[PDB]
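J.: structure of the sequence below:
(chains A, B, C, D, E, F, G, H, I and J, ligands or ions: 2)
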Amino acid sequence: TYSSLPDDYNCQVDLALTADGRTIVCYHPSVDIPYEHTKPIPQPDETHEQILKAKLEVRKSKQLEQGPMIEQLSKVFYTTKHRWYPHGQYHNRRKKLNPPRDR
Amino acid sequence: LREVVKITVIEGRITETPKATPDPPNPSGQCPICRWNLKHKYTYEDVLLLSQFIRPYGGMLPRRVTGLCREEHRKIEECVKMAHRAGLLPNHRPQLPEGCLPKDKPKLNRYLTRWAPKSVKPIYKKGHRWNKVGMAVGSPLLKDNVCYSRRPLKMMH
Amino acid sequence: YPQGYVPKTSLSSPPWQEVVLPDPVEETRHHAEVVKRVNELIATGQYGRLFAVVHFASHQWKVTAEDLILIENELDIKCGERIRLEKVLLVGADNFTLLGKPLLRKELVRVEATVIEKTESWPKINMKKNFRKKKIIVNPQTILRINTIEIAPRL
Amino acid sequence: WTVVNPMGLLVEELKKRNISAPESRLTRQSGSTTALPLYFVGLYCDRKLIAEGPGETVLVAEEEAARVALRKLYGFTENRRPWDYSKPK
Amino acid sequence: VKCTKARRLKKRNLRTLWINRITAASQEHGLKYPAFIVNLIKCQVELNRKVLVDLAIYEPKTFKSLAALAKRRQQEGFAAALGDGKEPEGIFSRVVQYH
Amino acid sequence: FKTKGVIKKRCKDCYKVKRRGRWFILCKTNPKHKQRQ
Amino acid sequence: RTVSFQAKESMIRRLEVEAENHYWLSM
Amino acid sequence: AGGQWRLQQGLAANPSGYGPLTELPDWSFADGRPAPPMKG
Amino acid sequence: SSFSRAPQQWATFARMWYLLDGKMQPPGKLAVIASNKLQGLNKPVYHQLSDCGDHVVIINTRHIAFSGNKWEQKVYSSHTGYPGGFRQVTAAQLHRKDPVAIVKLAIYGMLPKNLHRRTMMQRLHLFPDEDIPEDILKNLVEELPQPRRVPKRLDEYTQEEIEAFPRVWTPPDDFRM
Amino acid sequence: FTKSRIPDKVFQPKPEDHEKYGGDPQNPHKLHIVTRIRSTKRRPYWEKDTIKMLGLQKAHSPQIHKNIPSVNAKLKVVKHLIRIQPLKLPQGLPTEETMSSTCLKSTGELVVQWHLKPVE
Ligand SMILES: [Mg+2]
Ligand SMILES: [Zn+2]
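T.: Numbers count the residues shown, from 1 in each chain, chains lettered A, B, ... in the order given. Ligands and ions are numbered 1, 2, ... in the order given. You can find the structure just below:
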C-alpha cells in the first residue's frame, strides 16, 4: 500500500529505488476483472447488419425520400442532416484513389 | 428561558436552559467567537454555529444577549441571511398568520446571495471586455476569512 | 479541549486531504524486495518485447526492435553498419520498467541499430514577394533500423 | 492462418490440457441499445479470466475473446519476444 | 508564403496537441498536468512531451507508474515544506549529483 | 418622493429605511419630508 | 484599468535581480 | 517547466545545457570503436 | 493487446455514455465537465479531426443553483430578426419557461465555435428531472462526481453531530426566546 | 530624456546586504560574469553602444569582465539590461593542463575538472 494510486483498476504499481539510488524500478502487473464484477451473456434470442436494418425500418412511402431518409439516419447516429447529403463532381474527382497506409 | 402562558390570568414560567460547554479552548477571549478561535473560519454553510444565535422563527438575537463584538455581529447577521436565502434553515421559517400560506411558487436554488432577491434589477447592458458590469457573489464582510486558494476569491462574477 | 482547537467548520480545515507517507525504514526494505523481484525476472528472462526511450541527435524516440527511425542529418556512418545507441532514459517490458536519473547504466540496457539508407529530404520551399524570390531546401537524412534491445540482471 | 469457429477449436485445446470449459461473460459494456455499441466479453475458466475480447455485438466479442485466447495458448501474442536475427545460425 | 509560415506553426501546434493528450492521460489518474510534469522533473526524469504521449496511448501501465511516481514526489514535497526545520529528505526526493 | 443624490433628514420625526435597493427618509407627520436616493 | 498579477510579479523579480547588480558593483 | 528547480540543484535551467544527457556521445560502433566527436 | 486490427480500432474509438446529476450544481461547472467530455478532450487519443466525442446525459437540470443574484441579474437576449424583435429575459424567467435551457446554453458557449459544435450538441441529453427513458439507461456506462460540494441543511445534520459541535454561548434564563 | 547620474548611495551596501548575498566587503571578487537578459531595442543609443563595447550582443551568453572601476562605470550604464554574478574558482585558476577540461556552472563556479559522471 506504498503506491499512491489505487491498485484496483489498471495495474498494481510498485516503485523501488536501487541501492545506489540511480535507477527507479517499476513492477506493474495487470489486474484481471473479478468474476463477481461480470454479467452473464443473454443467450436466449445477431450481426451489426441485422441491428442496422431493424433500426432503419422502411415504413413510410416505401423507399423514403432524401429528407425523410436523411433525417432518420441523423437521429440514429446522433448527427446532423448535413453530413449525409452528397457532394458535386469537383470534390468527388479530387479524392485520392489510393491514400497512403501506415500499417 | 421564561415563557408566558395565558389562561384571564397570564404567568411567565422560567425553565432551565442548557449551559455552554465547559473549558473553552482559548479562555480570555472577550467575544464568544474569539474564545473558540473562530474569528475567520466560519461561513454561511456553518449552520450549527449560526443557528445558536437565531430565534425560533429565523430572526437574529440581540447583540447584548449573545455578547458578540460588533464586527462579528455584522458577520454573523450577514451569513444568516445568506443561509436563509440558500434554504439551509428549513425549520426557522417565518410565522405566517393562520390566514396566509407560502407564495406557492417553485423555489430556485441559491447560495452566496448578497442581496434580497426581490429588489435586484436585471443587467440588460452587460458591457464589453474592460467594461463588464459585475454580478456580486458573496458578502464583502467576509473578505478577511482564511483563503485556501492561490489568489483571493472572485467576489465579482 | 487542547490549546488552539477550532470546532469543525467549512473553513476550519484545508480542502486537501493530508496523507501519511510510509515510514522510511520499512520502505527501504520494500524497495530492496521489489528490486530483487524484478531482477530475477530479468535473470530468468520472463519478459517479451521490450521498448526503450532513447535520446539521439536532439530528440527522444520511443523505440523497439524492428523499428525504423529517420534522422534529419548526415551521420558519417556507412550504409549497413551496426551501431549502439548509448543514451537510454527508459526501458520497459510487459510487467516492469526501469527509469534512469536521467540515464540508465551502460550494463543495464544495450540497444543496437543499423544504418539502412542515406538520402536527402524532398524539396522544401522557403519564401519570406515575387514568385522567384524563393529558396529550395534539401537537407541530408539517414534512416536507422532498430535491431535489438537487451537487458542484463545488474540491478 | 484461417480458422472458422475458433471457440470450437479453443474448447478442444482446453480439453487436451485437462482444463474446464470456458464460460463467457460480459465484463464491460457501452451503448448496448444504440447502433454503435461496444462490448467486452471475457472467457472465465474456474472463475479465472483467460482471455477478454472487444466487439460490436456480443457474438462478435465472443469470437474475438476466443482468438485473444488461442494466441496466448500458442505464444502468438503481440508482445511475444521478437524473432532473433542476431543469431549467427 | 503560407507553406513557409506553416512550417513553424506546425511545431507549436503539435506541442499543443501533446499537452492536451497528456492532460487527458494524467487526469485519468487524478493529476493535473502542471503537477505531473513538474514532479517528474524533480525526480530527474527527462522524458519529453512527445515521448510522454506515446507512453499514455501505447503503454498505459508504464504511464500509470509515472503518475504514481509524480504523485509520490508531490506528496513528499508537501511534507518537506509543511514540516519546518530539519527533517530527513524524502526517499524519492534524493537528487543524484553529477561532476 | 423626490429622487435626490443626497438624502438628509429635515425634522425629528423623519426616519430612514432601506427598501427595494434604495434609501428612503419617511416622515409620517410631514409627507413633504419624503426623499428617495 | 488595473494591472494584472502577472505584470506586477514579473517586474518585482527584475527589480530583485537589479538590486543584486547594485551590490556586486560596489566592491 | 522546472527551470527554477534545476538551478537550485546546481544544474542548467534548460536540460539541454551542461550535463551528461547532451555532452555524452550519442552512439558508438557495434565493435565498440568510439565514434567521431560530435560537431556541437 | 492481441486484438485483431478491426476490434482494436473499434474499442479505442468507441464513444462512452456518462451521467451527470445537476441537483444543486452551478450550471457553469456542469458545462466545464460536459464540454470536456463532448469534445473528447478526456481521451489521450484526442484529435480535432477524429470525431472522438462522447455522450453526456445530465439529469435534475431543473434543480440547478446560481451563486449570488444571478437568477435576477443574468439576462439571455435573442432576436427573431424582425423590427421590434429583440427580447431580453432574465435567468429566472428563462428557467420557468424552459427547465433545460440554462444548462444547454451554458454548455453551448463552452464548445469550440466551429461546425462540429452542432454535432456535439446532438450527443448531449438533458432531462429536467430524474426520469430517463428505458433505452438511455441501458447505454450509461459511468457516473460522474458533482463539481460542487452540497452543504447540508440543519435537518440533515444528525442528532449526534449537533451534540459534538460545542455550545459557544449559553442564553441567560431571563430571556423570552 | 537624457543620461542620468545615479547617486553614490545606491552602490554603498549595508551590513544586511552582505549577509543576504554572501559577499565579504574585504577580499572583493576579481572577475564578473555578465549576461544580457533584456533587449537593446527601444533603449537609448548610448545603452546600445555600451552593450556592444562589453561584448553582450547575444543574450544569455556569459562574458567575463574585470572588476575595476572603469569597467564598472560602463556596467552601471546598462545595469538594468544585464545580470552580474561573481566568478568563483572552487578548484583554483585553470592551468595549461586543465584549460581543455573547464566548465562554467550556473552557480558562478568555473570547475577545472569536468567528468560528466555521478558524484559517487
Ligand atoms: Mg512554442
Ligand atoms: Zn419630516
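
J.: please compute how far whatever helix or strand residue D:25 lives in lies from its chain's middle.
T.: Applying DSSP states H and E as the criterion places residue D:25 in strand D:23-30. Averaged C-alpha coordinates place strand D:23-30 at 13 Å from its chain's average position (CA atoms, centre = their mean, to the nearest Å).

J.: so what strands line up beside that strand?
T.: strand A:39-40 (antiparallel), strand D:38-45 (antiparallel) (DSSP bridges).

J.: residues contacting the last one, please?
T.: Read that as strand D:38-45. With contact meaning CB atoms under 8 Å, 6 or more residues apart in numbering or on different chains, strand D:38-45 is reached by A:33, A:35, A:38, A:41, D:10, D:14, D:19-32, D:49-58, D:60-62, D:64-66, D:69, I:10-11, I:14. C-beta: built from backbone N, CA, C; applies to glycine.

J.: cool, the shortest one as well?
T.: For strand A:39-40, contacts defined as CB under 8 Å, 6+ apart pick out D:25-26, D:29.

J.: tell me the helix or strand right after that strand.
T.: Following strand A:39-40 in sequence, per DSSP H and E, is helix A:48-55.

J.: show me what counts as buried in that following helix.
T.: For helix A:48-55, the neighbour count (16 or more other CB atoms under 10 Å in any protein chain shown) marks residue A:51 as buried.

J.: tell me which element the spatially most central residue of chain F is part of?
T.: Nearest residue to the geometric centre of chain F (CA atoms, centre = their mean): residue F:25, 1.7 Å. Here residue F:25 is covered by strand F:22-26, with elements defined by DSSP H and E.

J.: that strand pairs with which strands?
T.: Applying DSSP bridges, strand F:22-26 is found paired with strand F:15-19 (antiparallel), strand F:35-36 (antiparallel).

J.: what strand or helix carries the residue sitting nearest the centre point of chain C?
T.: Of all residues in chain C, the one closest to the mean position by CA atoms, centre = their mean is residue C:53, 2.4 Å from it. Using DSSP H and E, the element containing residue C:53 is strand C:51-56.

J.: following that strand, which helix or strand shows up next?
T.: Strand C:51-56 is succeeded, C-terminally, by strand C:59-64 (DSSP H and E).

J.: what's the angle between that next one and strand C:51-56?
T.: 150 degrees (axes from the mean of the first three to the mean of the last three CA atoms, to 10 degrees).

J.: find the nearest non-adjacent residue to the residue nearest the centre of chain J, please.
T.: Computing the C-alpha centroid of chain J and ranking residues by CA atoms, centre = their mean puts residue J:33 first, at 2.7 Å. Nearest non-adjacent residue to residue J:33, counting by CB to CB, 6 or more residues apart in numbering or on different chains: residue J:85, 4.3 Å away.

J.: residues near that neighbour, how many?
T.: When neighbours are counted by other CB atoms under 10 Å in any protein chain shown, residue J:85 registers 18.

J.: and the lengthiest helix in chain E, what does it pack against?
T.: Scanning chain E for the longest helix, with DSSP state H as the assignment, gives helix E:2-29. Packed against helix E:2-29 by the contact rule (3 or more CB pairs under 8 Å, 6 or more residues apart in numbering or on different chains; DSSP states H and E) you find strand C:124-126, helix E:33-42, helix E:49-58, helix E:60-82.

J.: which of the residues in the second one are buried?
T.: Applying a neighbour-count criterion of 16+ other CB under 10 Å, the buried positions in helix E:33-42 are E:33, E:35-42.

J.: ok, of these, which one's closest to chain B?
T.: residue E:35 (13.2 Å; CB to the nearest CB).

J.: ok, now how distant is the residue lying closest to the closest one once chain neighbours are set aside from chain D?
T.: Spatial nearest neighbour of residue E:35, chain neighbours left out: residue E:74 (5.6 Å); criterion: CB to CB, 6+ apart. According to CB to the nearest CB, to the nearest Å, residue E:74 stands 31 Å off from chain D.

J.: from residue D:14, how far off is residue D:21?
T.: In this view, residue D:21 and residue D:14 are 7 Å apart by CB to CB, to the nearest Å.

J.: now do the contacts for the residue of chain H found nearest chain G.
T.: Here the residue of chain H nearest chain G is residue H:4; by CB to the nearest CB that distance is 10.6 Å. Going by CB under 8 Å, 6+ apart, residue H:4 touches residue H:13.

J.: am I right that it is in a strand?
T.: No. Secondary structure of residue H:4 (DSSP: H, G, I helix; E, B strand; the rest coil): helix, not part of a strand.

J.: burial of the closest residue to chain E within chain H, as a residue count?
T.: In chain H, the residue that lies nearest chain E is residue H:2 (3.6 Å; CB to the nearest CB). Other residues near residue H:2 number 18, with proximity taken as other CB under 10 Å.

J.: leaving out sequence neighbours, find the closest residue to it.
T.: Of all residues not flanking residue H:2 in the chain, residue E:41 sits nearest, at 3.6 Å (CB to CB, 6+ apart).

J.: the one you found contacts residue H:3, doesn't it?
T.: No. Using CB atoms under 8 Å, residue E:41 and residue H:3 do not qualify as a contacting pair, with a distance of 9.2 Å.

J.: looking at residue D:21 and residue D:14, which is more packed in?
T.: More crowded of residue D:21 and residue D:14, by other CB under 10 Å: residue D:14, with 18 against 11.

J.: tell me how far that one lies from residue D:23.
T.: From residue D:14 across to residue D:23, the span is 12 Å (CB to CB).

J.: one more: residue G:21?
T.: Per CB to CB, residue G:21 is found 77 Å from residue D:23.

J.: over to residue 33: give its phi and psi.
T.: Using chain A here. As for residue A:33, its main-chain torsions (degrees, to the nearest 10) stand at phi -70, psi 130.

J.: you looked at the wrong chain, it should be chain J
T.: For residue J:33, the backbone dihedrals (degrees, to the nearest 10) come out as phi -110, psi 120.

J.: likewise for the one 3 residues further on?
T.: The phi/psi pair for residue J:36 (degrees, to the nearest 10) reads phi -80, psi 130.

J.: tell me the secondary structure at the nearest residue to residue B:124 once chain neighbours are set aside.
T.: Excluding the flanking residues, the one nearest residue B:124 by CB to CB, 6+ apart is residue I:88, at 5.5 Å. Recorded secondary structure, residue I:88: strand (three-state DSSP).

J.: which residues does residue I:88 bridge with?
T.: According to DSSP bridges, beta-bridge pairing links residue I:88 with residue I:77.

J.: can I assume it is in contact with residue I:79?
T.: No. Counting by CB under 8 Å, residue I:88 stays clear of residue I:79, with 10.1 Å between them.

J.: okay then, goodbye and thanks.
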